Ligand SMILES: O=C(CCCC[C@@H]1SC[C@@H]2NC(=O)N[C@@H]21)Nc1cccc(S)c1
Ligand SMILES: O=C(CCCC[C@@H]1SC[C@@H]2NC(=O)N[C@@H]21)Nc1cccc(S)c1
Ligand SMILES: O=C(CCCC[C@@H]1SC[C@@H]2NC(=O)N[C@@H]21)Nc1cccc(S)c1
Ligand SMILES: O=C(CCCC[C@@H]1SC[C@@H]2NC(=O)N[C@@H]21)Nc1cccc(S)c1
């Protein structure tokens with residue numbers, strides 16, 4: 001069993017009101033769905049990612065990351081976001097992340113292809 | 001079949017000499033392995049991600065992203081990188097990406113948890 | 001007079017307990033000092049930057065950015081941070097920012113030269 | 001005299017065909033102008049920044065950063081870019097950078113306020 005398999009698995013909410021539902025596998029897998037409260041998005045989108053299933057025991061958080069491609073049965077925003085961050089357990093559990101959102105562009109517009117931001121996920125909104 | 005399922009699937013090399021081997025599924029899945037030429041890494045690491053299986057037909061690239069957690073049978077660097085970018089087909093096919101590498105840290109060191117960079121992947125090194 | 005010359009000029013504090021003291025000039029200049037509560041830093045460091053002295057009047061924030069090179073009379077951390085963000089006026093005035101911290105490295109270590117994060121600045125801590 | 005005062009001062013060109021003209025002061029100052037080959041920009045824009053005037057002598061590059069607010073006598077793009085990077089001397093001198101471009105936005109659009117990219121500057125294009 002991954003050290004934080006149980007801690008990570010479940011439903012998380014960010015500061016924008018988005019919903020991230022994930023299952024963490026014993027050997028580092030992350031599968032789930034993401035629903036964005038903002039942007040060119042509707043309903044749930046597949047996500048997959050990875051996490052460190054054997055983190056340091058020194059009080060450090062647990063490194064993880066995942067991707068959503070913004071295509072589902074309702075919409076295609078020709079874009080993909082990746083979240084990179086760490087899970088922190090305890091009464092105030094939180095997944096703190098930075099993210100990159102890249103659109104498909106022409107070569108001429110590629111300089112402006114990628115947004116950066118930060119999302120913090122909590123178990124209760 | 002994803003528009004670029006065939007274009008994406010295969011072996012890619014970046015400017016550092018890293019090797020990314022990926023299979024793109026018809027409905028947006030990315031699975032594979034990553035071997036880093038640099039950092040606290042040895043041999044192959046699992047990766048998963050997503051791509052836009054129906055990109056714009058206007059000459060735009062194809063949005064995609066993936067994650068590696070830097071734990072395998074040889075090492076655990078308590079970290080995860082996500083690559084966010086776009087695939088561009090044609091004689092000079094390339095996956096252009098920006099990435100975020102987050103380590104597990106204490107809360108005191110969390111301000112310095114995350115590296116950012118950029119990798120460009122080609123079919124021949 | 002810059003629209004937010006008065007709003008921006010003064011002392012700001014971030015979530016880490018750092019202190020940013022800045023003067024905004026009528027034609028877009030930012031000068032001041034920065035004192036970091038964290039990292040390889042002691043006392044004040046020079047900063048300079050720029051801001052949009054004629055922002056949109058539609059309720060948008062005011063774009064701005066500044067740099068600190070982490071060399072002063074006490075220390076040299078061979079690094080520089082740039083903050084890019086927007087100032088938002090009103091009872092809850094805030095400067096919201098993302099930042100890049102680049103160290104001087106050898107070419108071999110250049111892939112790991114740059115940290116990314118986010119600071120939010122307030123008028124009262 | 002800053003170690004790389006002479007090396008940095010002058011005209012640089014990036015991969016997009018932009019022109020950066022800068023003067024480095026003996027005590028870490030950077031002043032100059034920037035002309036973008038892309039985006040909502042015309043002619044030169046003021047820039048200011050900082051650099052490490054006493055870098056490591058171990059072959060490491062020289063940390064530096066600067067800002068442009070995208071307002072001049074011709075246009076106002078209500079935005080500011082900061083470049084964070086390192087200067088590398090020698091026959092192939094280069095300033096390697098990552099950058100953040102923040103627009104002024106409403107609070108509702110703030111999640112999409114900031115672009116990230118990377119520019120490499122050379123002495124000859
Ligand atoms: O809008 C989308 C799809 C939805 C993005 C949701 C973002 S993902 C990071 C953040 N965290 C959340 O929970 N929501 C937001 N793509 C797109 C394409 C072209 C230009 C632009 S600006 C945007
Ligand atoms: O070193 C690792 C594991 C290997 C990273 C490989 C990077 S991933 C982006 C880039 N692209 C490549 O192909 N290779 C590089 N983690 C780690 C932990 C704590 C502090 C630091 S500085 C680094
Ligand atoms: O430590 C420093 C100097 C102080 C940085 C202060 C940062 S600036 C962004 C953030 N916002 C604040 O208020 N404080 C923090 N440079 C350095 C060199 C080599 C490796 C590393 S990891 C770090
Ligand atoms: O277009 C501008 C002003 C010119 C940016 C030039 C960039 S700065 C980084 C890069 N390096 C260069 O040399 N050129 C490019 N701002 C703006 C406002 C709202 C939305 C968007 S997408 C863009």
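Numbering starts at 1 and runs along the chain as it is shown here.
How was it done? The header gives X-ray crystallography, 1.8 Å.
Keep in mind that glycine also has a Cβ here, set from the backbone N, Cα and C atoms.
Annotation source the PDB entry lists expression tag at C:1-5. Away from its own ends, the expression tag (C:1-5) comes close to residues 24-28, 51, 53-55, 62, 87, 89 of its chain (Cβ-Cβ under 8 Å, at least six residues beyond either end).
Residues or ranges marked as biotin binding site by Swiss-Prot: C:34, C:45, C:83, C:99, C:111. For the recorded site, residue C:45 (biotin binding site), the DSSP three-state label reads strand. All protein chains included, residue C:45 (biotin binding site) registers 25 other Cβ atoms within 10 Å of its own Cβ.
Cβ neighbour count for residue C:34 (biotin binding site): 23 (other Cβ atoms within 10 Å of its Cβ, all protein chains included). Listed binding-site residues: C:83, C:99, C:111; maximum Cβ neighbour count within 10 Å falls on C:83. Screening the binding-site residues C:34, C:45, C:83, C:99 for a C-beta under 6 A from any atom of ligand 2 leaves none. Using a Cβ-Cβ cut-off of under 8 Å to chain B, the binding-site residues C:34, C:83, C:99, C:111 reduce to C:111.
Across the residues annotated as binding biotin (C:34, C:45, C:83, C:99, C:111), the two Cα atoms farthest apart lie 27 Å from each other.
Highlighted here are the binding-site residues (C:34, C:83, C:99) whose C-beta falls below 6 Å from ligand 3: C:99, in sequence order.
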